[PDB]
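Asks: coords please:
(chains A, B, C, D, E and F, ligands or ions: 2)
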Amino acid sequence: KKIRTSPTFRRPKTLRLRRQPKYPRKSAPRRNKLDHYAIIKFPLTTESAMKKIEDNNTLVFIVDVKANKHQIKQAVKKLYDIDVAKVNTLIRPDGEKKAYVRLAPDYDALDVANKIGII
Amino acid sequence: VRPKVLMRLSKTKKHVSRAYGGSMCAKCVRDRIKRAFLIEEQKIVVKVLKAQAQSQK
Amino acid sequence: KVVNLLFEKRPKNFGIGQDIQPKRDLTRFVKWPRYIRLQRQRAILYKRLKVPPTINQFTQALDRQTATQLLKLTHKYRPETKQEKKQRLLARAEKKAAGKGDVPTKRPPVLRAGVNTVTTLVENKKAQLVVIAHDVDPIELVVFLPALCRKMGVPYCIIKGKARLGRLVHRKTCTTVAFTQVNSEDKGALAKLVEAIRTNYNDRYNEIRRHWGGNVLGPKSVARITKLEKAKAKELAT
Amino acid sequence: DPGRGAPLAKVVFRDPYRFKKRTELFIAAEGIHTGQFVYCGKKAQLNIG
RNA sequence: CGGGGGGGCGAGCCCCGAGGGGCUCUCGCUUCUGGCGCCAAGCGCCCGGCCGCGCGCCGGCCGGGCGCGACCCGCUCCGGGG
RNA sequence: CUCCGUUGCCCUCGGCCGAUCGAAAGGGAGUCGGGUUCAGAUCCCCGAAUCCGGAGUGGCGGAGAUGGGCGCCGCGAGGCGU
Ligand SMILES: [Mg+2]
Ligand SMILES: [Mg+2]
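Replies: Numbers count the residues shown, from 1 in each chain, chains lettered A, B, ... in the order given. Ligands and ions are numbered 1, 2, ... in the order given. Sure, structure below:
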């Protein structure tokens, strides 16, 4: 005597368990391929890019094409012990992703050019 | 204003402060009031006339 | 007055169109899924149709008073469980190489379970009683058995529940069962059942063999057909 | 209702049973004015609509 | 839904004692007005704690649970064919 | 382990309506002046903005919200008890 108020039968909601696999299904976890040496390929040194460094506190980077801005930002930060105001990406007709990276005002591009070797 | 904009606006821009405020138009509320008597009262008048018909019968 | 004036009544009325209707049980006004609907109207057909004798006999069965003696009787007598089996062997392995053992003992009398086991030892007249489950799924497997049993003059019987018959022998289900021998002391109770059973079965056959058992309509139809015989009685009985 | 000579009428009853309001579409009988209560079913009285 | 059964304001008939009962009907109760109407009141019966009387299924305070309300049984989810 | 969070199970409630795609012209919140290049500019910069989401611990104000009565004590502003 648990009466039926509704005139449908809806399936009873059963218990359903969580995977307790007897092995892992692949041995090891895949080594991460988008790194803080791989996501950035090279800084550009084009005249319209030197002009962009000196005048706008930016750096012009070619970047690995699967990169996001929060990846390009935690890359450029990690490496040229820098910090980044904002990233701003395009895809060159060629498939190379550019990303020109504004560096916070406390902090200069024209110095960090000579550190990374460009100029 | 275009409806998604209503999410920005304050409560008071979207109603007027009443019964059925901001959905219904005064003129229909104040009939809904004085309809809601006379429906109610004349169930009472039928209630007593029924009671008198069964008191007679 | 220990009765606050406010708690009133507000008694509702669920006439058509008056106050909104409440929640009754609807078990007949509900959508019975395709297994249920189906199994429901197997049981209906299986009464509605004209069922054959041989399949009917698998309705009429034992009663509490008889059944419970049977299943008492068997409980002295269930075939060795596993574990219980192991120590029948293990004890003879230690008793053989210690304090003598020819090792035939005396195999104590027990049940006999399946059909093509039973039917052989019914066809051999090696059975005092045979218990048959009624609800067996392909009925094929036990249609004959009663006929066979009465020809050999072997007391057969039809107990309810292939489960509770298949719980004696330690399984899910079982269709038949049999006592070939009994312990001497336990033979008064066996011969008590046997005589009680075969008044009721083996010596009935021309009552069972010619009894069709369905052809029963639905009570909704029956209530209507009978309500026309109060019209036809009360036309020219008045 | 396009491609159809008769006008329809939306008539809101209410579900005798769930707190709600079923609405339907009757083919408008002539003399259906807007604001009519339309009585339906066995015991209903014999008038238009 | 089909049977049953409650109800009962009421009609026919039957009974009747004039209280009433039985059988039949009726209902199953929403029609003058672009009104409101769900998640339950009420009664009942219980149990937990806590407080008071102290016998505590006495009484209060706090907190729950089931029954009626919302008759009972079934065998085809309702309808029309065949 | 306070309180809160998280999860486990137990009870409770939920009609829908079709696994899914379909607009660079239909539906769809919110960015614009000025500046700048050889080529790009509501895209870069300067300044003014704005939407959506998050804000828990609540970041800070303001509302909820600060009476009245009664009773005392105080000249009176007033203080306290309830
Ligand atoms: Mg799409
Ligand atoms: Mg568009």
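
Asks: what ranges do the helices span in the chain?
Replies: Going with chain A. A:47-56, A:69-79, A:109-116 (DSSP state H).

Asks: wrong one, chain C
Replies: Assigned by DSSP H, chain C shows helices spanning C:34-43, C:45-48, C:53-56, C:64-74, C:86-96, C:115-123, C:145-151, C:162-165, C:187-200, C:205-208, C:219-236.

Asks: with mean neighbour count added, can I get these in CSV?
Replies: Placement of C-beta: from N, CA and C, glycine included. Converted to CSV, these look like this (neighbours: other Cβ atoms under 10 Å in any protein chain shown):
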stretch, mean neighbour count
helix C:34-43, 10
helix C:45-48, 13
helix C:53-56, 14
helix C:64-74, 15
helix C:86-96, 11
helix C:115-123, 16
helix C:145-151, 19
helix C:162-165, 18
helix C:187-200, 15
helix C:205-208, 12
helix C:219-236, 9
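
Asks: these: which one's closest to chain D?
Replies: Among these, helix C:219-236 comes nearest to chain D, with 21.2 Å by Cβ to the nearest Cβ.

Asks: count of residues packed around residue C:58?
Replies: Neighbour count of residue C:58, defined by other Cβ atoms under 10 Å in any protein chain shown: 19.

Asks: contacting residues around residue B:1?
Replies: Residue B:1 is in contact with residue B:9, counting by Cβ atoms under 8 Å, 6 or more residues apart in numbering or on different chains.

Asks: could you do the one 5 residues further on as well?
Replies: Contact criterion Cβ under 8 Å, 6+ apart gives residue B:14 as the residues in contact with residue B:6.

Asks: count of residues packed around the closest residue to RNA strand F within chain A?
Replies: Residue of chain A nearest RNA strand F, by Cβ to the nearest atom of the strand: residue A:48 (3.7 Å). Using other Cβ under 10 Å, residue A:48 has 8 neighbouring residues.

Asks: need the contact list for the closest residue to chain D within chain C.
Replies: Among all residues of chain C, residue C:21 sits closest to chain D, at 4.6 Å; criterion: Cβ to the nearest Cβ. By Cβ under 8 Å, 6+ apart, the residues touching residue C:21 are C:14, D:16-17.

Asks: what ranges do the strands span in the chain?
Replies: No chain specified, so I'll use chain A. With strands called from DSSP state E, chain A shows them at A:40-43, A:58-63, A:84-86, A:89-91, A:97-103.

Asks: chain D is the one I meant
Replies: Listed in chain order, the strands of chain D (DSSP E) span D:8-12, D:23-27.

Asks: winner for burial among the ones you listed?
Replies: strand D:8-12 (a mean of 13; mean count of other Cβ atoms under 10 Å in any protein chain shown).

Asks: show me what it is packed up against.
Replies: With contacts taken as 3 or more Cβ pairs under 8 Å, 6 or more residues apart in numbering or on different chains; DSSP states H and E, strand D:8-12 sits against strand D:23-27.

Asks: if I look at the residue of chain A closest to RNA strand F, how far off is residue A:62?
Replies: Here residue A:48 is placed at a distance of 14 Å from residue A:62 (Cβ to Cβ, to the nearest Å).

Asks: as JSON lines, the helices of chain C with distance to RNA strand F would be great.
Replies: Converted to JSON lines, the helices of chain C look like this (distance: least, Cβ to the nearest atom of the strand, whole Å):
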{"stretch": "helix C:34-43", "distance to RNA strand F": "17"}
{"stretch": "helix C:45-48", "distance to RNA strand F": "30"}
{"stretch": "helix C:53-56", "distance to RNA strand F": "40"}
{"stretch": "helix C:64-74", "distance to RNA strand F": "33"}
{"stretch": "helix C:86-96", "distance to RNA strand F": "38"}
{"stretch": "helix C:115-123", "distance to RNA strand F": "41"}
{"stretch": "helix C:145-151", "distance to RNA strand F": "44"}
{"stretch": "helix C:162-165", "distance to RNA strand F": "26"}
{"stretch": "helix C:187-200", "distance to RNA strand F": "44"}
{"stretch": "helix C:205-208", "distance to RNA strand F": "47"}
{"stretch": "helix C:219-236", "distance to RNA strand F": "28"}
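
Asks: okay if I get the ones you listed as CSV plus distance to chain A?
Replies: Shown next, in CSV, are the helices of chain C (distance: least, Cβ to the nearest Cβ, whole Å):
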stretch, distance to chain A
helix C:34-43, 8
helix C:45-48, 22
helix C:53-56, 31
helix C:64-74, 25
helix C:86-96, 31
helix C:115-123, 37
helix C:145-151, 39
helix C:162-165, 24
helix C:187-200, 37
helix C:205-208, 39
helix C:219-236, 20
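
Asks: up against chain D, what does chain C have?
Replies: Chain C comes close to chain D at residues C:16-17, C:20-21, as judged by Cβ under 8 Å from any Cβ of the partner chain.

Asks: again, 10 Å this time
Replies: C:14, C:16-23 (Cβ under 10 Å from any Cβ of the partner chain).

Asks: just flag the most distant two among those.
Replies: Greatest spatial distance among the residues of chain C next to chain D (Cβ to Cβ): C:17 and C:23, at 18.1 Å.

Asks: gap between the residue nearest in space to the middle of chain D and RNA strand E?
Replies: By Cα atoms, centre = their mean, the mean C-alpha position of chain D lies nearest to residue D:11, the distance being 4.0 Å. Look at residue D:11 and RNA strand E: by Cβ to the nearest atom of the strand, to the nearest Å, they are 9 Å apart.

Asks: ok, that residue touching residue D:29?
Replies: No - judged on Cβ atoms under 10 Å, residue D:11 makes no contact with residue D:29 at a distance of 11.2 Å.

Asks: top helix in chain B by residue count?
Replies: If you go by DSSP H, chain B has its longest helix at helix B:38-56.

Asks: ok, is that one in contact with chain D or not?
Replies: No - counting by Cβ under 10 Å from any Cβ, chain D has no neighbours in helix B:38-56; the shortest distance is 12.6 Å.

Asks: near RNA strand E, anything from that helix?
Replies: Yes - using Cβ under 7 Å from any atom of the strand, helix B:38-56 reaches RNA strand E at B:38-40, B:42, B:46, B:54.

Asks: so how far is that helix from its chain's centroid?
Replies: 23 Å (Cα atoms, centre = their mean, to the nearest Å).

Asks: contacting residues for residue C:36?
Replies: Residues in contact with residue C:36, defined by Cβ atoms under 10 Å, 6 or more residues apart in numbering or on different chains, are A:9, C:30.

Asks: could you dump the longest helix of chain B to CSV, C-alpha only?
Replies: Output of helix B:38-56 as CSV, limited to C-alpha atoms (Å, rounded to 0.1, in the frame of the first residue of the first chain):
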residue,chain,number,x,y,z
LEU,B,38,-20.6,39.8,-6.4
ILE,B,39,-19.6,36.2,-7.3
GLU,B,40,-18.8,35.6,-3.7
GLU,B,41,-22.0,37.3,-2.2
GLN,B,42,-24.5,35.6,-4.6
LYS,B,43,-23.2,32.2,-3.7
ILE,B,44,-24.3,33.3,-0.1
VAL,B,45,-27.7,34.4,-1.5
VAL,B,46,-28.1,31.1,-3.4
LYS,B,47,-26.8,29.3,-0.2
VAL,B,48,-29.6,30.8,2.0
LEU,B,49,-32.3,30.4,-0.7
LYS,B,50,-31.3,26.7,-1.1
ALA,B,51,-31.4,26.5,2.8
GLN,B,52,-34.9,28.0,2.7
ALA,B,53,-36.1,25.7,-0.1
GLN,B,54,-35.0,22.6,2.0
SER,B,55,-36.5,24.2,5.2
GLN,B,56,-39.8,24.6,3.2
